[PDB]
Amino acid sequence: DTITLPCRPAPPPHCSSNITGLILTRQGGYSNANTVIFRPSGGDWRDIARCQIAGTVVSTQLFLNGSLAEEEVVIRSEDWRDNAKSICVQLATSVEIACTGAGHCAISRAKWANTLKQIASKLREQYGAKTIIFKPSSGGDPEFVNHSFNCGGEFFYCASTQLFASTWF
């Protein structure tokens, strides 16, 4: 069973990729009921570059075809307490994102769920929380509110709401 993302223009199947990391922003000003909220990064290309886990492909919110960590998910930040610094998540096992050529790119739901579960586990240990909530982008240009990527010289845009709306106890 898949998480089937709508994308525009339709990416061709040759633009399918491996998801190797992602980049997050922690919601600011939260009273925190033992709860921490994260969204795809509200930062720009510089936030992405500073993670230093990208490969050749230029992409937002998700790193495509980048470097993997060796044994476990690794989360990094230049200052965990600063909500204006993004959080760099590097996967240890990639998540395939397969594009149909007809306007969607699909991800295995069970694999994505298990990846988030691992990311939540590392965040929880960083922030000493219990409940980790992923929520969608709170706004931005099309490149940053969507999962965006340059494939073959053309820019494609996938709504990522389905990837960041879940709770993890």
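Note that the rigid core is defined as the largest set of C-alphas that superpose within 1.5 Å between two forms. Each residue number is its position in the shown sequence, starting from 1.
Take 57-65 and 41-49, fit the other structures onto the shown form by the rigid core, and average the C-alpha distances in 4 other deposited structures of this protein: the farther stretch is 41-49. In terms of root mean square C-alpha deviation after superposing on the rigid core in 4 other deposited structures of this protein, the stretch standing farther out between 124-132 and 106-114 is 124-132.
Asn34 is built in all of the other entries compared, counting only those with both neighbours built, so it is not a gap in a third. In this entry, 2-10 shows the higher mean Cα temperature factor of the pair 2-10 and 158-166. For the pair 110-118 and 125-133, the mean Cα B-factor is higher in 125-133.
The entry lists C-alpha B-factors for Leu64, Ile53, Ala33, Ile37, and the highest of these is at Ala33. For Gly139, the recorded CA temperature factor ranks within the lowest third of the chain's modelled residues. Among all modelled residues in this chain, the alpha-carbon of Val89 has a temperature factor (C-alpha) in the lowest third. In the deposited entry, the Cα temperature factor of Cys151 places it in the highest third of its chain's modelled residues. For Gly28, the recorded CA temperature factor ranks within the lowest third of the chain's modelled residues.
When the modelled residues of the chain are ordered by their C-alpha B factor, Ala102 lands in the highest third.
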